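I have placed the structure first, in the form of structure tokens, so that the comments after it can refer back to it.
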Amino acid sequence: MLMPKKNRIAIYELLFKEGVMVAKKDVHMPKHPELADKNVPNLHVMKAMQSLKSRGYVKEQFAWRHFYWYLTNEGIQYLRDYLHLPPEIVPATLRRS
Amino acid sequence: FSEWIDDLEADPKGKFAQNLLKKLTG
Amino acid sequence: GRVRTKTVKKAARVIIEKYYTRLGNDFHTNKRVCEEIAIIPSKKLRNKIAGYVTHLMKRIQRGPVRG
Amino acid sequence: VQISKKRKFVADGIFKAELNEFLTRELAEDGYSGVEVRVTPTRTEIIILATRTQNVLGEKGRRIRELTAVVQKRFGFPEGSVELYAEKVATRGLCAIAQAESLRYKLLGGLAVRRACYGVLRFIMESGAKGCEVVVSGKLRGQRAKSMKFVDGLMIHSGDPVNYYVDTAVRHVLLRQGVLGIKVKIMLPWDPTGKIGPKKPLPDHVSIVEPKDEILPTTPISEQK
RNA sequence: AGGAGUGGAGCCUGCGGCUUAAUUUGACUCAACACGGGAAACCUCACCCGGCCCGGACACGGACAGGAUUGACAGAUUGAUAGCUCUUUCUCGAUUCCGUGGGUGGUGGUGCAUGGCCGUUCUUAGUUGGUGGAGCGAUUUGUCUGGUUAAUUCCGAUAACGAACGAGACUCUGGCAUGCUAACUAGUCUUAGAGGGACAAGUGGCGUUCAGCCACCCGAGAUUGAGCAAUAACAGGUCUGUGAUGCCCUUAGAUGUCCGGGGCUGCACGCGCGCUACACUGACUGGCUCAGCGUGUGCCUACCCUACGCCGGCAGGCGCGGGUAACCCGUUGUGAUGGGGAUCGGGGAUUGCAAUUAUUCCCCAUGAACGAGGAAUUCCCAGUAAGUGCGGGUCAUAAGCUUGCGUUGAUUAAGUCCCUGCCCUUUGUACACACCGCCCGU
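Going line by line, the protein sequences match chains K, n, R and D. The first sequence begins at 1 in the entry's author numbering and counts up by one. The second sequence begins at 167 in the entry's author numbering and counts up by one. The third sequence begins at 2 in the entry's author numbering and counts up by one. The fourth sequence begins at 3 in the entry's author numbering and counts up by one.
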């Protein structure tokens, strides 16, 4: 934990713009393979991801030292209830159908 | 019937031996 | 030991009873005809079968053999 | 930029292995069997085999698009360089992976091991399979765990031919009581062409061409009307 | 009645005896004891003279612009440019905290709850249906009198007939072309081929003259390395490899971190792997072209292998290029004397904080039972053993370990069941937890 809240809203913007992602456990390092150069410290961002997926309502799947996530519609409802951003802003992921 | 067969042949002489044999056909 | 297992024995016996006409005595000819008429999936086994059929013809040339 | 060829081949093998494990833990319930990559100029086409395909694609390929997105964002390929297809397998009733998954998903919900296990042994046998051996090891309830095995037909163990004649699948089925290990071994039947059996026969089987019946008169005499 | 090397004479580590910070998990003889690919500073240490930022989807309690987060040498700390000083009322700023457990867990228990991969009695040749015989039955035949074989390999006999595993066959591996498919790095020698070649084949001698055994020309090669390897097995090992695993269950000194910090590098040894050749053979004149099997630089990542000059006598303190590799490294006088080293000191040290509480060259010849070794003994039959070095795994070119590789290279036996143990039989039994049994006697 030991997580700030501006990093929280930054990571919530990241989840809103991203949705489906793959993660790798990296905490002590100063340079990540594929999730650096975000102008934000990496450790707090990854702990923010840990909070998201271990708050007790979104399930995980860990193997081959990696995290693949199944973002449930319960998470969509939770984000809408808390941040009050209408789902009418459709995610950009629905192109190249 | 199959479950009784499995229980019997798992431990054909243990604690669950007489009951399973009786339950088979009686 | 050089004991020929049931596979080579049975193959040589069936080979000699089915195509006795073509088969002879000289190992080169037995090997050639054995390759030609028998689908043997090895080369070492093919040579073993040809050697045993050569032995069996040495047996038959001097009397009948019960096999 | 460039790595040594030994490292290149090892990394390609690691790619294949981790992709196989990843879509094994993804869609085992989809009757996944195997994954094959195809070498194409500056591209890497991937074709995926499953017993069922309507489920693996689903409706408008939500599952397919999710899988391609995750594989792309995991492996680091250039944007849209990885694409996975889904084609049925001609050998479903005697493929070790498919039958191991069938056994696990018949045993998961709660069922006598013997009924479903003999049923899959049957469905193996009517699929032309030459021989099968299934072992189920684990808690048969009580302070001791045991292993029960059912074999049918002919199936070999030793020598080279076990490499290209017998396929064995080892899986874990998680029961609320414990973990039951299922080992399913199938020997394919020999059939040249069609890729349904090993090309080579068993190396101790000598094949002979069969002559046809011959009952002939003494001398061939020409007959004309 | 053979032997060689043996554990003793030239390169330290496993775990128990074993004062406190030193004897630190799992493994109770063959099937533990450089084994956990576990080469101990430190991240991996739980024997450790010491601490901290702490862990809660919830069941109950303390209640909001302050209820503190690695974050100053000089008064000190218990090695430490750590704010831990009973100190400053600097500093991300609502993060957090306490007492109970499930929880994003734990390399914390139980491998006498498991799976999977393993070790073994199993390196031996052994196992099993179906149908038919026999028996009331457990069960037995097939699965055998014999001969033969490495082999339940085969011949043959035959209430068994047909079959299935295991063995063989099979894959890899070396051995062979006055042959073949072709390379501006070798000139078809090196590399790697759709292929050939051996098969007990030819001839003798033993074998209901069968399966087969011996011998010899011929032949490169005439019981030619290994790999894979039958159900039932064992409470053998692994939960300390694994969001592989069912929850009984401790503690905040979480068995997370941070060039940091005692050990175990003790020597009256409690044990087990390890470091090592006796003379014209051992070693230098440097006076003729030598082989390695193999390794080598960005998803990580900051660590890869290496050729000329400052020159004391060379690796080399700094520049200097080549190599994603058949292209570069690289055609890599009769025996203690002169003869093989008992501690230990100088030359420029390879640059690894610390090496001494394990990294780092040979020359002065200062003289050590200086010429086959208590009981008990492990391994080995031909390119064996043994002597050597070299390359990987560990990694900083860290080895004394291990896994492979070549070079030098062979005295002894082509046997037996005496010791240990195994198997295709008969036999005895009061054993079946199966002889480490059972059991009798005040």
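For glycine and all other residues, C-beta sits at the position ideal for the given N, C-alpha and C.
Any Cβ of chain D closer than 8 Å to the Cβ of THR22 of chain R would place that residue at the interface, and such an atom is absent. Burial check for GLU60 of chain K: the Cβ neighbour count within 10 Å stays below 16, so the residue is exposed.
Look at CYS97 of chain D here: in three-state DSSP terms it is coil, with no helix or strand label. Between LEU109 of chain D and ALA118 of chain D, the gap from beta carbon to beta carbon is short of 8 Å.
Runs of alpha helix (DSSP H) with 4 or more residues, each lying fully within the stretch 29–64 of chain K, are found at 42–54, listed in chain order. One Cα belongs to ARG65 of chain D, the other to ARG173 of chain D, and the distance between them is close to 24 Å.
For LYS185 of chain D, the enclosing beta strand (DSSP E) starts and ends at 181–189.
Between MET150 of chain D and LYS187 of chain D, the C-beta spacing is not below 8 Å.
Check the Cα spacing between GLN145 of chain D and each of n:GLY192, n:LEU190 and n:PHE182: the tightest is with n:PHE182. Taking C-beta atoms as the reference points, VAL58 of chain K and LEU79 of chain K fail to come closer than 8 Å.
Following the DSSP letters along the chain, one finds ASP172 of chain n inside the alpha helix (DSSP H) bounded by residues 168–176. Using beta-carbon distances, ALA176 of chain n counts as an interface residue toward chain D, with a partner under 8 Å.
Against chain D, the CB of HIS32 of chain K has no partner CB under 8 Å away; the residue lies outside that interface. Residue state for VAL211 of chain D is assigned as coil, using DSSP reduced to three classes. Counting along the chain, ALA52 of chain D sits inside the beta strand (DSSP E) bounded by residues 45–52. For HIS84 of chain K, no beta strand (DSSP E) encloses it, and the DSSP letter there is neither H nor E.
Straight through space, the alpha carbons of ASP81 of chain K and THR42 of chain D are spaced by roughly 48 Å. Listed in chain order, the alpha helix (DSSP H) runs fully inside the stretch 8–67 of chain R are 28–38 and 45–61, counting runs of at least 4 residues. Contact check between the stretch 54–67 of chain R and the stretch 13–20 of chain D: fewer than three CB pairs, one atom from each, fall below 8 Å, which does not count as touching. Here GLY15 of chain D carries a helix assignment [DSSP, helix/strand/coil]. Closest by C-alpha distance to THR70 of chain D, out of D:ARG54, D:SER224 and D:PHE24, is D:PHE24. Exposure of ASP162 of chain D is indicated by the presence of fewer than 16 other C-beta atoms within 10 angstroms of its C-beta. For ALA171 of chain D, the uninterrupted beta strand (DSSP E) segment begins and ends at 168–176.
Bounds of the beta strand (DSSP E) holding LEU86 of chain D are 84–86.
Not a single CB atom of chain K sits nearer than 8 Å to the CB of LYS7 of chain D.
With fewer than 16 neighbouring CB atoms inside 10 Å of its own CB, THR6 of chain R falls in the exposed class. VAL37 of chain D has a beta carbon lying at 8 Å or more from every beta carbon in chain n. With respect to chain n, the C-beta atom of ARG117 of chain D has a partner C-beta closer than 8 Å. Residues of chain D with a Cβ closer than 9 Å to the Cβ of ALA63 of chain K are, in chain order, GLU23, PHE24 and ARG27. Under the three-state reduction of DSSP output, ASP193 of chain D falls in the coil class, being neither helix nor strand. Here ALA92 of chain K is exposed: its Cβ has fewer than 16 other Cβ atoms, across all protein chains shown, within 10 Å.
With distances taken between CA atoms, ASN165 of chain D lies nearest to D:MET189 out of D:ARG40, D:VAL175, D:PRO194 and D:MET189.
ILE48 of chain D has its alpha-carbon roughly 6 Å from the corresponding atom of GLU85 of chain D. Taking the Cα positions, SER6 of chain D is about 26 Å away from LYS24 of chain K. Of the residues D:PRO213, D:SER209 and D:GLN226, the one whose Cα lies closest to the Cα of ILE41 of chain R is D:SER209. Listed along chain D, the residues sitting closer than 7 Å to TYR68 of chain K by beta-carbon distance are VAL72.
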